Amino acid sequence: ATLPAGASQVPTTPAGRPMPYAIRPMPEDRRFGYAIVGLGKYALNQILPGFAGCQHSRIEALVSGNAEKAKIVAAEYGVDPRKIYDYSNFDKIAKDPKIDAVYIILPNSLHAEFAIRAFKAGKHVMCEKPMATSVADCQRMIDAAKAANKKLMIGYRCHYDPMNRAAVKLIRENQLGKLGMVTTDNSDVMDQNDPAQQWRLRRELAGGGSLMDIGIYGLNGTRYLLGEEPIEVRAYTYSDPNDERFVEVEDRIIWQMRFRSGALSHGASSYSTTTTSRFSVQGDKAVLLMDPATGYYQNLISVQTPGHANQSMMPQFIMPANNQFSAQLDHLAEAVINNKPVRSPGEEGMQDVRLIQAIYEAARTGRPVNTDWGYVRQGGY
């Protein structure tokens, strides 16, 4: 019959009010400083814009071999033009104490190099995936991290994507029952004219074909969805011999893996078919379909049983968790601040490279490769 206290007490006159309700991740500070190395497609389309959403990170400086671009980029994000390094004086960042970490967004073959030069610079490292083009180079990056007593983090965004985490969460709850068969697919049409794609066609720079580039999402995903490691691996690859895009690196490759629990999986990556990011986890109770499974946006998951399809996706008005990009950046910032192990350490990034090598080996020999090497996911998936 009567308005509650608060309503009637609101002044019909201009008056300040308390802080509003938060339905979205609010900014909190920018204490952690980042130095972005490699201003390419991913860096300028996804990572740089992804800072605005961070709660504890900022872009302190840039590192590029194209002075002009690095200039324009500096302006857009207001980075001090004096904090613009190149690949030869990159080490001079050790002087600046405001540059807490470095984000390596360079070709796969250059990752390690700048990670080590970074650690010797006493800075923390955030390296893109795949880690490096060799298991040995991954180990070195890890060795250089422990020496400088710094943290090494691999850019596994899917480890910071709400829907992916929701997927892991529901699976741990045993919503699918006993796990028995995982299926994954990751694809996109390779455009040789794309500046970012040219280095990907060189085995020396990329380290391999579609598997190293996107099939790793299937590999990595199969691992955290099932929450365990493969003990065995089998694989096959094929590329049109008349396609100049696959002279050095593979187009399509298919791998089958077995897990300790007894679960199986089959997946593939492709450079010659359109966008595909689909993961399927089959249990004896229900089946999970993630599609889109690893998109930058619009992921969608569904738990199906005869007669039902329970879909989950980002809300339309509220935002229960920060986006993967911002969440990934702040994660390292957090890790350091609160002195804690990062969820995606150098070891994790090395596991995938080591597994990928085993897979390329299996496809070359047509024989299965034993991958039961006691790796342990510290901190869980």
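Superpose the two forms; the largest set of C-alphas matching within 1.5 Å is the rigid core. The first residue of the shown sequence is 1; numbering continues from there.
Relative to the displayed structure, the C-alphas of 28 to 36 lie farther away on average in 6 other deposited structures of this protein than those of the other candidate, with 28 to 36 and 339 to 347 compared after rigid core superposition. The PDB entry records a higher mean C-alpha B factor for 193 to 201 than for its counterpart among 291 to 299 and 193 to 201. When the mean C-alpha temperature factors of 31 to 39 and 316 to 324 are read from the deposited coordinates, 31 to 39 comes out higher. When the C-alpha B-factors of 61, 350, 356, 47 are read from the PDB record, the largest value belongs to 61. Residues shown: 158, 144, 154, 233. Highest C-alpha temperature factor in the entry: 144. In this PDB entry, the Cα temperature factor of residue 103 sits in the middle third of its chain's modelled residues. When the CA B factors of the chain's modelled residues are split into thirds, the value for residue 246 lands in the middle one.
Residue 80: CA B factor lies in the highest third for its chain, per the PDB record. Among all modelled residues in this chain, the alpha-carbon of residue 309 has a temperature factor (C-alpha) in the lowest third. Ranked against the other modelled residues of its chain, the C-alpha B-factor of residue 269 as given in the entry falls in the lowest third.
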